[PDB]
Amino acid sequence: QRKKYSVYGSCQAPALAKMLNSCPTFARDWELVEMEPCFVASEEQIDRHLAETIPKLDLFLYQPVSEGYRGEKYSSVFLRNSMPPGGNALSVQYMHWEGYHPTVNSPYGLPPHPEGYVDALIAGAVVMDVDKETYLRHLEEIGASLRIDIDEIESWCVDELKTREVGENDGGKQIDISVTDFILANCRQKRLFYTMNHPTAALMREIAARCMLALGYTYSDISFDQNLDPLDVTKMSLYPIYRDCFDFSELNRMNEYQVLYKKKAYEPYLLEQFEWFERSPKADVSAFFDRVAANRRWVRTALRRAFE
């Protein structure tokens, strides 16, 4: 009989399960009992898991989910509390990294975007009445400003992760499995994120290996299907000049974007971003830009150096 495990958390949780199941040694030992991610699970589903899934688990692999997110019922502390006596609950870091695409965020406070990501610097430009043609002419100046600020950006990305490692989203329990220092050490040589919250296969393989190491597996047991890339739906493009800090960058101006598995060239993509922001009231676009910018001074700096 294989032991039973579940992986609970963000979109990254099912992806981690896919990756772990692709290792032959791991799949020999473990059977996944699937849990819906924290942003999908219904009340009916989360109640049933506490009663029927969790008490039957040998391993609960989870990302921190605060009580404040959707209530106690969905929280990692509450769920792991229902593990059986001889069970093991291991927390895995929520991966978020804006270092490749420091102008990109999610449009909180604005209509839902069908692609899930918007360019916040474009929001700031729209508020300033910078037209889309001017913005396109200034992509290199924006990228130059970001490149001057690359260490500050990285330092902040690392600090954000380290603070969360303390585990306030998991009742103060320090995160068991993390990759912060790996990300900082490798981010310029290898593409580790397609979007701020979608690790590439390379990063997913590293976090899955660290889970297997935490379970006591020997190095010689650890391998994964290299063809798997679970969070590849949308791929943000790095800005000109800034992209040249990274080893994997090419000799074109800016790579095509991928959104919902479809490619769009950088110019029509950024023109659509302008048009999307222009649909909303300018005051609301401004409130959005101010929220994003408040803890990201490089974004207001780039807008100033390029356009003011």
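When you see a residue number, it is the position in the sequence shown, counting from 1.
Peer 1: Mean Cα B factor from the PDB record: higher for 35-43, or higher for 265-273?
Peer 2: It is 35-43.
Peer 1: Which has higher Cα B-factors on average according to the PDB entry: 51-59 or 277-285?
Peer 2: Stretch with the greater average CA B-factor: 51-59.
Peer 1: Out of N197, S76, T234, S145, whose C-alpha atom has the biggest B factor in the entry?
Peer 2: Of the options given, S76 has the highest CA B-factor in the PDB entry.
Peer 1: Per the PDB entry, which option out of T103, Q93, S82, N186 has the greatest Cα B factor?
Peer 2: Out of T103, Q93, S82, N186, the record gives the largest C-alpha B-factor to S82.
Peer 1: By the record's CA B-factor, is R296 among the lowest, middle or highest third of residues in the chain?
Peer 2: As the PDB entry reports it, the C-alpha B-factor of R296 lands in the lowest third of its chain.
Peer 1: Ranking every modelled residue in this chain by its Cα temperature factor as given in the entry, which third contains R70?
Peer 2: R70: CA B-factor falls in the highest third of its chain.
Peer 1: Among the modelled residues of this chain, does the Cα B factor of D229 put it in the lowest, middle or highest third?
Peer 2: CA B-factor rank for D229: middle third.
Peer 1: Going by the CA temperature factor in the PDB record, which third of the chain does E256 belong to: lowest, middle or highest?
Peer 2: Lowest third.
Peer 1: Taking the C-alpha B-factors as the PDB entry records them, is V127 in the lowest, middle or highest third of its chain?
Peer 2: Highest third of the chain for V127's C-alpha B-factor.
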